[PDB]
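Below, each chain spelled out in residue letters.
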Amino acid sequence: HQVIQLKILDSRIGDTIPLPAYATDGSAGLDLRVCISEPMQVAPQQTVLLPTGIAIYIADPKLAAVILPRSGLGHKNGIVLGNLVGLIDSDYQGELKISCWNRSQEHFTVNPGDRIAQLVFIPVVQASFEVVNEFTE
Amino acid sequence: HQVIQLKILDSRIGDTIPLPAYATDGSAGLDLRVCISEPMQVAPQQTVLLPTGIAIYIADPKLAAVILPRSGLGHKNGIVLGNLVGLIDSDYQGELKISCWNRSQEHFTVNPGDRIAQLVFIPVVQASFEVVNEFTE
Amino acid sequence: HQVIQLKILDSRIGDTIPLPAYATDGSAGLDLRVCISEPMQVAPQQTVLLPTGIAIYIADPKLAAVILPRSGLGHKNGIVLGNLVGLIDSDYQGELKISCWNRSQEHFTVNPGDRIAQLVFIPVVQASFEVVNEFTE
């Protein structure tokens, strides 16, 4: 494993709303829950910014995280991400927030504590470009 | 390379519908074909769940797969994924199914055997969180 | 770091429109700018193909790149990608082009040189399948 610092920004996290955790030993992603005080209505085509109540600090520049829709919410309810895929840089230390976009024709309710996205830690490579007149092998 | 077990769930696979395979030695992804008996109409804004007739077993918890739209279908026809990006965990052993979403204003026909998404195997990192009051270096 | 060849296809690149570069030492992605001669209107639901004026040659088959929406453009303006996520293979040598899709209900102007997507280099694994009757450990 790799250690990632997490700062709890809302006292509900770790009490009434669990920290993110891997469901199984074989899970690639961590479900991300929303930290809100009352149910949030998401109308068809609406985008709403939803706080998680946590911040992470990846720190290692060879690692990033991506935030993806949940498969069931996306397929069944059209509850996806307004920016489609979120990218979390190694030096990002702000609260994780979810751009929740309803692409469906049905109104949707997000309840406090609901899982609405997933977080996946991936290795990344920082490239150095070499400007060339023609590509070579 | 890395060995990934594949189970054929539909006898058409490997006969009339090819197994997924890399197009070139430099390909990052594998096109995923649909295993259906007749053409499937996908109306504007419709989401349909399309079977592939295969299951995979990645097994290695340091590896995952993502399922992405094809670039031409997505750009030209608006034929993309209802959950935008699929994430396949290392311990997932069910049939691969595609959430096919038509985001365009044009009706689209999916024929038996058509490639409609691509599969990419990526390394993933399982993080262990350290809850901190303030981030440190 | 890893060296990636870049070919400049439009003389504006490196003069009036900067090469892609990492914003900070901890950045996972590189913003991609559009190489056009006049502002481009993107109507609600419209998809337009936007050139970058550069081509890259990753070459290493253990590496790929993905093209993602920018978080602010996607969340605030609904300016995302028509194929949702672009995948750049290691052997792709053509111009990088952005499928720019306006998923919002508001008209949007893309100016010459604007950043409208981001590029992330990721390791990829080329799998070899083993067709099995049942999965094993």
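Right above here is the structure, for reference.
Calculation rules
- Residues numbered from 1 in each chain as written, not as in the entry; some residues may be left out.
- Chains lettered and ligands numbered in written order.
- Heavy atoms only, no water.
- Residues with missing side-chain atoms left out of burial classes, pairs and counts.
- Least-squares fit on C-alpha atoms.
- Contact = heavy atoms within 4.5 Å.
- Buried area = accessible area lost by both parts, 1.4 Å probe.
- Salt bridge = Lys/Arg side-chain N within 4 Å of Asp/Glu carboxyl O.
- Polar contact = N/O pair within 3.5 Å; in protein donor to acceptor, adjacent residues only side chain to side chain.
- Helix = DSSP H or I, 4+ residues; strand = E, 2+ residues; numbered from the N terminus.
- Nonpolar A, V, L, I, M, F, W, Y, C, P; charged D, E, K, R; others polar.
- Pairing = 2+ DSSP bridges.
- Axes fitted to C-alpha atoms, helices over the stretch in contact; angles between N-to-C directions.
- Disulfide = S-S within 2.5 Å.
- Buried < 20%, exposed > 50% of the residue type's maximum accessible area, 1.4 Å probe, protein only.
- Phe/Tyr/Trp six-rings, centres within 6.5 Å; stacked < 30°, edge-to-face > 60°.
- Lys NZ or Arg CZ within 6 Å of the ring centre and 35° of its normal.

Draft legend 1. Seen up close, the relation of the copies chain B and chain A. Once turned by 120 degrees and shifted 0.0 Å along the axis, chain B lies on chain A with an RMSD of 0.0 Å. In the structure described here, the two chain copies are related by an operation that fits a three-fold rotation axis.

Draft legend 2. How the structure looks around the interface of chain C and chain B. Tallying the contact residues gives 32 residues for chain C and 41 residues for chain B. Where chain C abuts chain B, roughly 3200 Å² becomes buried across the two surfaces, and 61% of that area is made up of carbon and sulfur atoms. Summed over the three residues of chain C that lose the most area to chain B, namely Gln 126, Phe 129 and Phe 135 of chain C, the buried surface amounts to 25% of that side. The tally of links between chain C and chain B comes to 1 salt bridge. A salt bridge links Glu 134 of chain C to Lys 7 of chain B, with the shortest nitrogen-to-oxygen separation between them at 3.5 Å. The interface formed by chain C and chain B includes 20 residue pairs in polar contact. Taken together, the elements giving at least two residues each to the side of chain C that touches chain B come down to strand 4 (47–57), strand 8 (95–102), strand 10 (115–123) and strand 11 (127–132) of chain C. When residues of the side of chain C that touches chain B are assigned to their parent elements, the largest contribution, 6 residues, is made by strand 11 of chain C. Here the side of chain C that touches chain B is built from residues that sort into 17 nonpolar, 10 polar and 5 charged.

Draft legend 3. Molecular detail of the sheet that holds strand 10 (residues 115–123) of chain B. Residues and elements named next belong to chain B. In spatial order, the strands read 2-10-5-7; together these 4 strands make up an open sheet with antiparallel pairing. In this open sheet, the two strands that pair with only one neighbour each are strand 2 (30–33) and strand 7 (86–88). In this sheet, neighbouring strand axes are inclined to one another by 30 degrees on average, regardless of whether the strands run parallel or antiparallel. Bridge analysis of strand 5 (residues 63–69) against strand 7 gives 3 bridges, and the strand direction is antiparallel.

Draft legend 4. Structural detail: the relation of the copies chain C and chain B. At an RMSD of 0.0 Å, chain C and chain B line up after a rotation of 120 degrees and a shift of 0.0 Å along the axis. Different-surface contact between copies: only 16% of interface residues of chain C are shared with the interface of chain B.

Draft legend 5. Examining the state of the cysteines more closely. Residues and elements named next belong to chain C. The final tally for this structure, using the stated rule, is 0 disulfides over all chains. Free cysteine: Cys 35, not disulfide-bonded; nearest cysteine sulfur from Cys 100 at 15 Å. The exposure class assigned to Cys 35 is buried, which follows from its relative accessible area of 5%.

Draft legend 6. Focus on the packing of aromatic side chains. Applying the stated rule across the entire model yields 9 aromatic pairs over all chains. Ring centres of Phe 121 of chain A and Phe 129 of chain B lie 6.2 Å apart, and the angle between their planes is 70 degrees; this geometry places the pair in the edge-to-face category. Within this pair, whereas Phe 121 of chain A is found in strand 10 (residues 115–123), its partner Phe 129 of chain B is found in strand 11 (residues 127–132), the two belonging to separate chains. For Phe 121 of chain A, a relative accessible area of 0% puts it in the buried group. On the basis of relative accessibility, which here comes to 24%, the residue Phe 129 of chain B falls in the partly exposed class. One aromatic cluster in this structure is built from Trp 101 of chain A, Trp 101 of chain B together with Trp 101 of chain C. For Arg 103 of chain A, the ring lying beneath its charged end belongs to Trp 101 of chain B, and the centroid distance is 4.3 Å.

Draft legend 7. Just the sheet that holds strand 4 (residues 47–57) of chain B, in detail. Spatial ordering of the open sheet is given by 6(B)-8(B)-4(B)-1(B)-11(C), a layout of 5 strands whose pairing is mixed. Where the open sheet ends on each side, the last strands, each with one partner, are strand 6 (79–81) of chain B together with strand 11 of chain C. Each adjacent strand pair in this sheet contributes to an overall mean axis angle of 45 degrees, direction not counted. Relative to strand 4 of chain B, strand 1 (residues 2–8) of chain B runs antiparallel, the two sharing 4 bridges. Looking at strand 4 of chain B, one finds that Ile 8 of chain B is bridged to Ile 54 of chain B.

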